[PDB]
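# Structural description and commentary
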Amino acid sequence: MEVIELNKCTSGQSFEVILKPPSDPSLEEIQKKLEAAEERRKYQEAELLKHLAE
Amino acid sequence: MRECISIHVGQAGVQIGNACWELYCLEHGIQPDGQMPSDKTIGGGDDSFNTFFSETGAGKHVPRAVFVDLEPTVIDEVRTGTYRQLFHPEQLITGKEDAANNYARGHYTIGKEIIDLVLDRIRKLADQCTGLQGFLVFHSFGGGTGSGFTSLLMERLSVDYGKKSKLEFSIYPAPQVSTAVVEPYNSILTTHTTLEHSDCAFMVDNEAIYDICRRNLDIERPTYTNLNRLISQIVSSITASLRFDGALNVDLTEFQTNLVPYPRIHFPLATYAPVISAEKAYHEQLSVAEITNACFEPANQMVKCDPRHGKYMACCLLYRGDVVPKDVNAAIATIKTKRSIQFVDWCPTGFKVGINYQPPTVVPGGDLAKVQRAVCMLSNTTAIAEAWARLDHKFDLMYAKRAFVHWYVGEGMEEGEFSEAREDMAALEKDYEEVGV
Amino acid sequence: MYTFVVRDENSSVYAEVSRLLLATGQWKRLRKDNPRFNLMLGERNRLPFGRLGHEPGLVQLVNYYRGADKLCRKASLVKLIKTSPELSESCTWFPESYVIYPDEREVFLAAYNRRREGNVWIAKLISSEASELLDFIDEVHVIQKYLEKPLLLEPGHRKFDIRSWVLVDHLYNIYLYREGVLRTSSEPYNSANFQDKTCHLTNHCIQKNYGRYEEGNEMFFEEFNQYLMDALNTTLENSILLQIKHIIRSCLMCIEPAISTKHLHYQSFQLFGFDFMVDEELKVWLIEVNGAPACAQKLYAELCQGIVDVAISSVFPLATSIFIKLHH
Amino acid sequence: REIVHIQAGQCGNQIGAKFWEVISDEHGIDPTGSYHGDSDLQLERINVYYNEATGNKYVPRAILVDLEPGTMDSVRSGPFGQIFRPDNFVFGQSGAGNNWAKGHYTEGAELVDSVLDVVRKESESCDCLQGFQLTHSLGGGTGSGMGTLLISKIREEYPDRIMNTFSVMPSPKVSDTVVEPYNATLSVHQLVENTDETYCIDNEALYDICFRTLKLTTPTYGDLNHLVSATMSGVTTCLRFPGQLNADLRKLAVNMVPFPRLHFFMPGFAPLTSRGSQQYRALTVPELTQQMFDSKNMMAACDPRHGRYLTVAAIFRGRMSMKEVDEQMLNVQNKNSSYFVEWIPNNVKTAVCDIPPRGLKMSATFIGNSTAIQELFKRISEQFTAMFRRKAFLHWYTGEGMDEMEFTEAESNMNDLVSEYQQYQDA
Ligand SMILES: Nc1nc2c(ncn2[C@@H]2O[C@H](COP(=O)(O)OP(=O)(O)OP(=O)(O)O)[C@@H](O)[C@H]2O)c(=O)[nH]1
Ligand SMILES: Nc1ncnc2c1ncn2[C@@H]1O[C@H](COP(=O)(O)OP(=O)(O)CP(=O)(O)O)[C@@H](O)[C@H]1O
Ligand SMILES: Nc1nc2c(ncn2[C@@H]2O[C@H](COP(=O)(O)OP(=O)(O)O)[C@@H](O)[C@H]2O)c(=O)[nH]1
Ligand SMILES: COc1ccc2c(c1)NC(=O)CN2c1nc(C)nc2onc(C)c12
Ligand SMILES: [Ca+2]
Ligand SMILES: [Mg+2]
Ligand SMILES: [Mg+2]
Ligand SMILES: [Mg+2]
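A brief report on the enclosed structure follows. (Residues numbered from 1 in each chain as written, not as in the entry; some residues may be left out. Chains lettered and ligands numbered in written order. Part of a larger assembly, values for the part shown. Heavy atoms only, no water. Residues with missing side-chain atoms left out of burial classes, pairs and counts.)

### Considerations on the overall build of chain A
The condition that has to hold: Only runs of H or I of at least four residues qualify as helices and only runs of E of at least two qualify as strands under DSSP, and these elements are numbered from the N terminus. Two things to know: the radius of gyration comes from C-alpha atoms, and the globule rule equals 2.2 Å times the number of residues to the power 0.38. For every residue, the accessible area (1.4 Å probe, protein chains only) is compared with the maximum for its type, and the residue is labelled buried under 20%, exposed over 50%, or partly exposed between those bounds. For the accessible areas, the method is Shrake-Rupley and the probe is 1.4 Å, while residue cover comes only from the protein chains on display. By the counting rule applied here, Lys and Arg register as positive and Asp and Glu as negative, while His and the ends of each chain are not counted. The atom standing in for a charge is NZ when the residue is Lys, CZ when it is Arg, CG when it is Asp and CD when it is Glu.
Helices and strands together make up the secondary structure of chain A, namely one helix and two strands. Taken from the N to the C terminus, the helices and strands of chain A come in the order β-β-α. Since a compact globule built from 54 residues should have a radius of gyration of about 10 Å, the 30 Å found for chain A marks it as more spread out than a globular shape. With the principal axes as the frame, chain A shows a C-alpha extent of 80 × 35 × 25 Å. For chain A, the residues scored as buried account for 24% of the 54 residues in total. In the form shown here, chain A has an accessible surface area of approximately 4000 Å², with 49% of it arising from carbon and sulfur atoms. On chain A, the mean spot of the 8 positive side-chain charges and the mean spot of the 12 negative ones are 2 Å from each other.

Structure (structure tokens):
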């Protein structure tokens, strides 16, 4: 077991033990998708109010 | 010194933030009014605790936190609770009606109304930072706000703070304490939209915390207060390196560097020991070996799974209390011979150890007894994919009948986002299996 | 009542376990995809162990040990024996084996060259020339030393293999069913040619001379013990069964840390089929371990009843033992 | 999170008046609107159903609607009559004559706009309005015909609020007129499209419970309404009291209604009690759970073993072991798992409130979305077709402007509702 990079201080210690070596979307696109969904809510609400008008 | 901003979203996020910040004040010696007598640099300073606390001219130490809920009653308890003086009113943001356990309602309908307000309140804390390093986001997978509004928040934070790291503390849904049937929908949807925006996420299955409270605290019917005090201890172990002197995980970047070699596979498993009941009259204090050995027992993990049938990519041991490196190596030597610990071939087999001499702090009157030494192990094992398998199975059962889909479509969401999100989870499940065959 | 589901319709052993459970009047069967079960008689491939033990208010149990395939695949069994110090490369009861990919190829040829200076090997199919077997492989495999001097029953000059059924419960007790079976070859053992392999392969499917000496080419311990006394002046317990009990215990104690469900959120048991080969000197060799074995018709009733008593009713109790417990 | 209550018709106002009597006693409000209770839990969510007036008075957010003055005069004279805001009494004079057409198209049309003015006045005072709850019968004329006209017009003005109803189903066992299957079929067509949650209170079930179980030989409407007010109290417990779950109407709809048209719930209650007689043995938690799932405690005459539970809500009231509740609730699911759909994981959620109802130490209320409720609509559809195949009694309706085609459409839509429930009973 190799113990490496041992650092000590008043608060404690740290080290590493090795046992074996190895073998996006822009603000524009966000605003558009949020408005596309609000459009779909307004369309479904208009279809409802049109149905109630009949 | 580099500052970290914590963001608590939804009921689960806010209430867990209450637990963590109460614990932080006890550890750092900060009174509920914000005063900290041990701090001799009045009005400022770049000490390690200044990563989480700013300072006023009068000497108050204010958390670099913001609480946001789409409904007021939970944050209203913070506005009137024991630590009401601690927070500035501007960093406590409430709506008027919640997301009704509906991801699409929290992301699209209500989220759009309040996203710009939160981002400017977040901006007010960032301007107080000489070198902001990123954010710690607390939320639930199952809640409509915790899932819906967080994924919208994570999207915008990548735009406004591109060079910044973002760590998640996510509450995985558990039927024993959840009162919503659509949590698998919200969980998959929020994981798909957030995945590329989070650098490292620590999942916490409420089923695991619940059972730990029953088994090791002898609490017959654990409440959120029981769960959150225990969760705050684990969170405190994970963040302690950011708030204290040391050389391991000193910045948010080091979390991804030490625990996440693959961007998509960024869900480390957390194991914690010992959890000892404060009502236990006689208790034999456990050794370094006994508590290090407990880190490989599935009954002590934040997510129930079997690391024997997976592979490790990284492993951290974070000790609090009377611990010296000599005993850790002696304990790791014994454990390696008696347990199935297998690393992926392209990774070195080993452990990064951090020791903080201050023993774990327990809130007075809580359920946890004070111990002489404790440890939190962060291990990126592919065995955590079992939690995705469980979640995706429940998702597939409901979605096959399109049950409850109409609630989401009626909020402006398109049915395709369900399958699109599920497809991503299908890819995520496949990556884990590649790495861990 | 207790609840169970059946996800392997092709299992002859657990089909009988389904009937015996229903006949108690305290077990109700559900549909395969119902999660609110106490017991799962699971599929053989891609069993979803990750979904077990997450139903509140239900103690869940499954008839397979996750990770036991490391012992029940020919390639995995060889790797396990050569790498585990509990068994070591100098294991005296496992034949020399090498894994070949169509690999230890160069290490194998070193043994075959020292064998050039009995060099019959099996690949899994029998051959005496190393190059011929390798040509067959390409058209994963393990090559193994073919035991050239096996114990032959008389009358007949016949080859055989011994199958032992072992049950491992949720507590990791190791129970060896007292009734084994000898799967015999009805054709005399011919050492002069290995291309004709009906006298070498003792599998039941190979036995299409079938049934001459004993019914179904199956000899049980009652008769085989009596033969060993009259012919060789010994008993089945002393000459063979001690080694079988030693091999079964050694294999299962090796993988116990990797498959045990002692501190898990679900439990496991599993029935295994160990296949042994006895040589000219009454020495037992392990051939393979079978993870989903079938029983013999005479023993189906008694064995499946014992699976319920020891592995199922021990966890879900109701409202002389046929097993030998192998102590560890 | 305020709720606006509406009660329409004879039946609507009688059960509505009983509902306000029961919950006013639970919240400690006296017939004059003064609070004389002991626990502050009684007022933490009092704003959901009560407006706070001058002098620390509590006025129910209730609107009382009828086309006759008879029943509403009885309400104003009743024990809690003075608690209602007098302006919220809105009534005509002609009546509706048990005629769905009069309530929906002629007589009720004259009166509906003035009801909507009172509704608007209550809504504009609301901090954040959740939605509306209506109490009515479906077999009469005002509650059935005008009630569904109101619901249609409330949805037009408040399209993003929750519409919840307590709808009483007619039964020849307790029958006023032969035209009740006509009125019910016309009304269910409206309820399918214009409500989010409907508690199906079947008068057949209430009669059988009174007769078979409570041993009442000749039940009155007062005996039936005792069961209704107990159920209405129980299903609104989580809306009125603080607890682990601070529930609202929308979260209830989101979790109970997996398909929009299938939002008709079977209410259940335990223990079953007759008024004026108190039983002194408190029930064990195993007994509450067994009885609340028993068909003999269902308020809709449907055999739950003939269908499958889509979703289930259970609310326990009293001081009891929440662990024993979890074990017993899990025991019912694990022991009858065939009757709960496998394609909605964990579809039974439980809530606990420490305040028991008046006169009980422990109680349990059941809200089931079962596919067996098609039996109720089948029953009403059979009685409908029995008369409609001969166009019998149709002149009462065609004289108010209606066409036979409208009856044909209503029959079809309900028969579609029945077949839709049968779709998920096999899956
Ligand atoms: N550990 C823990 N889990 C919680 C807590 N509160 C809620 N949960 C879990 O979170 C899930 C529900 O999400 P919530 O946070 O309550 O909902 P929300 O984020 O506020 O979103 P909405 O209420 O739908 O607007 C359930 O699975 C609960 O079990 C908590 O305080 N601690
Ligand atoms: N090293 C060896 N020496 C001699 N015979 C051997 C041998 N290895 C295998 N055999 C013969 O081959 C026969 C079948 O081989 P094997 O048991 O590996 O195939 P299998 O797995 O398809 C049958 P099952 O699964 O039922 O045990 C055995 O019965 C044995 O007689
Ligand atoms: N459960 C119950 N049902 C009632 C009550 N009053 C009337 N009904 C039923 O409601 C139907 C009559 O409708 P009703 O409300 O009286 O006529 P409306 O005033 O025009 O709405 C019949 O099926 C009655 O059985 C009551 O107090 N309780
Ligand atoms: C089928 O799953 C659910 C069923 C019901 C609910 C929820 C989930 N979740 C919720 O937030 C609201 N809710 C409830 N609403 C009301 C008005 N009364 C209730 O009594 N007990 C529960 C629980 C409950
Ligand atoms: Ca300072
Ligand atoms: Mg919430
Ligand atoms: Mg085999
Ligand atoms: Mg009447």
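### A word on the packing of aromatic side chains
For the record, the criterion: To pair, rings of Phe, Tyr and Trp, with the six-membered ring standing in for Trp, must have centres within 6.5 Å; the planes then decide the type, stacked if under 30 degrees apart, edge-to-face if over 60, and tilted in the middle. Put simply, a charge is over a ring when the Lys NZ or the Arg CZ is close to the ring centre, within 6 Å, and near the line of the ring normal, within 35 degrees.
A complete count under the given rule lists 63 aromatic pairs over all chains for this structure. Considering the side-chain rings of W21 of chain B and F52 of chain B, the 5.9 Å spacing of their centres and the 50 degrees angle between planes classify their relative orientation as tilted. Taken as a pair, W21 of chain B in helix α1 (residues 10-28) and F52 of chain B in the loop between α1 and β2 (53-55) lie far apart in primary sequence, 31 residues in all. The ring of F220 of chain C has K298 of chain C lying over it, and the distance from NZ or CZ to the ring centre is 4.6 Å. The ring of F388 of chain D carries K391 of chain D above its face, with NZ or CZ at 4.4 Å from the centroid.

### Quick word on helix α9 (residues 252-259) of chain B
In an α-helix, one full turn covers 3.6 residues, which means residues spaced three or four apart are oriented alike. All names here are of chain B. This is how it is decided: Throughout, the arc means that of the directions going from the helix axis to the C-beta atoms. Pairs of N or O atoms within 3.5 Å make up the polar contacts considered here, provided that, within protein, one atom can donate a hydrogen while the other can accept it, and that residues adjacent in sequence are counted only when both atoms are side-chain atoms.
When we look at burial in α9, the residues that qualify are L252, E254, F255, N258 and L259. Here the buried residues of α9 occupy an arc of 155 degrees about the axis, which is enough to place them on one side. Two to three positions downstream of the cap, the backbone nitrogen of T253 sits 3.0 Å from a side-chain oxygen, assigning the N-cap of α9 to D251.

### A word on the site of ligand 2
All names here are of chain C. What counts is decided by this rule: Neighbouring residues are identified by heavy atoms, a residue being near a molecule or strand if any of them is within 4 Å of it. Classification convention: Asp, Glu, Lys, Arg as charged; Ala, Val, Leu, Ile, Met, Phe, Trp, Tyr, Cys, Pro as nonpolar; all other residues, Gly among them, as polar.
The local shell around ligand 2 holds 18 residues, among which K145, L147, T202, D275 and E288 are the closest. The side chain of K74 places a nitrogen or oxygen atom 3.2 Å from an oxygen atom of ligand 2. A distance of 3.5 Å separates an oxygen atom of ligand 2 from a polar atom in the backbone of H200. Coverage of ligand 2 by the protein chains reaches 83% of its 630 Å² of free accessible surface. Only β8 (141-145), β9 (160-168) and β15 (284-290) provide two or more residues apiece to the shell around ligand 2. With three residues, the top contributor of residues to the shell around ligand 2 is β15. Here the residues of the shell around ligand 2 sort into four nonpolar, five polar and nine charged.

### A look at the environment of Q35 of chain B
Residue and element names in this part refer to chain B. Test applied: In this analysis, two residues are considered to be in contact whenever any of their non-hydrogen atoms come within 4.5 Å of each other.
Topologically, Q35 is positioned in the loop between α1 and β2. Between the C-alpha atom of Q35 and that of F296, which follows or precedes it by 261 residues, the distance is 40 Å. What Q35 contacts, discounting residues up to four positions off in sequence, is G29, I30, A58, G59, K60 and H61. Looking at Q35, its side chain comes within polar contact range of the main-chain oxygen of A58, at 3.3 Å.

### Digging into the interface of chain B and chain A
The cut-off we apply is this: As used here, buried area is the combined drop in accessible area, with a 1.4 Å probe, of two parts when they are placed together. For this document, the term salt bridge refers to a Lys or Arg side-chain nitrogen within 4 Å of an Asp or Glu carboxyl oxygen. Strands are treated as partners if at least two bridges between them are detected by DSSP.
On the chain A side, the residues contacting the 37 residues of chain B number 32 residues. Interface of chain B and chain A: buried area, both sides summed, is about 3000 Å²; carbon and sulfur atoms make up 60% of it. For chain B, the biggest contributors to the area lost against chain A are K112, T349 and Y357 of chain B; these three give 18% of the whole. Our count for the contact surface shared by chain B and chain A stands at two salt bridges. Close ionic contact of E414 of chain B with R40 of chain A constitutes a salt bridge, the shortest N to O distance being 3.2 Å. At the junction of chain B with chain A, the criterion picks out 13 residue pairs in polar contact. Looking at the side of chain B that touches chain A, the elements with two or more residues in it are α3 (103-109), α5 (144-160), α11 (325-338) and β11 (349-356) of chain B. Broken down by element, the side of chain B that touches chain A gets its largest block of residues, eight residues, from β11 of chain B. Per-class residue counts for the side of chain B that touches chain A are 17 nonpolar, eleven polar and nine charged. Bridging between strand β2 (residues 12-20) of chain A and β11 of chain B involves eight bridges; their strand directions are antiparallel.

### Details of the side chain of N203 of chain D
Within the secondary structure, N203 of chain D sits in helix α7 (residues 203-213). Excluding residues that lie within four positions of it along the chain, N203 of chain D makes contacts with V168, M169, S171, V174, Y221 and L224 of chain D.

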